[PDB]
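Listed next as structure tokens is one chain, alone, in the form deposited in one PDB entry.
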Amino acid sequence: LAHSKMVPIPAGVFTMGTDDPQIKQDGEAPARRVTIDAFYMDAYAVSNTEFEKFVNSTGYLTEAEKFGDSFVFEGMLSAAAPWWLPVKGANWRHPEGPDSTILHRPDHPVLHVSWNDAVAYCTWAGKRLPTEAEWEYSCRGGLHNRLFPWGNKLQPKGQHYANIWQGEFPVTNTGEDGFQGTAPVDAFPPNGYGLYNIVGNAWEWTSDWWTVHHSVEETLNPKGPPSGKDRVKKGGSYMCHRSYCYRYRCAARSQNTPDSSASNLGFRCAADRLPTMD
């Protein structure tokens, strides 16, 4: 009902990255101290309904619609890996291909949106993408040097805290956490700053160009490198399992070309100040 609401992320200093990297190729290390000015972050990833308001207002055609295909995980059917298929007619309204629909999942995160699509939405909304540092600071939710937004245990108190994979990937997803594919954007507990599904569910685009080479120097509101070929995405998705993936940590990070899209990748917006009410 308020799926475009923002929360205030307080000013602070935090440790970005980790000196105990789990996927070393991704440049999770070194840990570095980063200062972040107070700003606002969407509580929820952008949902199908919210994206549809944007498309209704602007007529925007997404990159996947213009290309005529997008990547779909083979386990969702009725490339980076054999389980990623380029499906003709897969896009945000048709997340598994032309015979699928979003009618029954209006409150789920929008998928098959490229980095350019995400920038278009956020700017239409009076907002912007978060930087990687803003995203990671917000993900950590006021905790220092923890694996997850909520701490170091995957299932605190025996409860699922995010939508990831259980079972044997890619053949069997048991749905133990309540969701095979995506969950509603307001599912699961919030983190300490009031964000929902910051890890898991679907990946989220950030504004930074990708590099794996980071300095240990302290920085203020860093924006990432001035050039690159891929943009950074964060958080992991409903596909992720410890056995092959382990990217549902705040420090984890991956990348895609900005015209890329997939069935497990969306976004949320940020803003320096609140945009106009309504």
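For every residue, the number given is its place in the sequence shown, counted from 1.
One more form of this protein, solved in complex with a partner chain, exists but is not displayed; see below.
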Legend entry - in the deposited bound form, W203 touching the partner chain (heavy atom, 4.5 Å): yes
Legend entry - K234, heavy atom within 4.5 angstroms of the partner chain in the deposited bound form: no
Legend entry - the partner chain contact at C250 in the deposited bound form, heavy atom, 4.5 Å: no
Inset, instruction - Classify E52 as contacting or not contacting the partner chain in the deposited bound form by the rule of any non-hydrogen atom within 4.5 angstroms, answering yes or no. - result: no
Legend entry - Among 237-245, 52-60, 32-40, 208-216, the region lying within 4.5 Å of the partner chain in the deposited bound form by heavy atom distance: 237-245
Legend entry - Triplet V7, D186 and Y193 all within 4.5 Å of the partner chain in the deposited bound form via a heavy atom: no
Legend entry - Contact residue in the deposited bound form, chosen from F71, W150, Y121, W115 - any heavy atom within 4.5 Å of the partner chain: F71
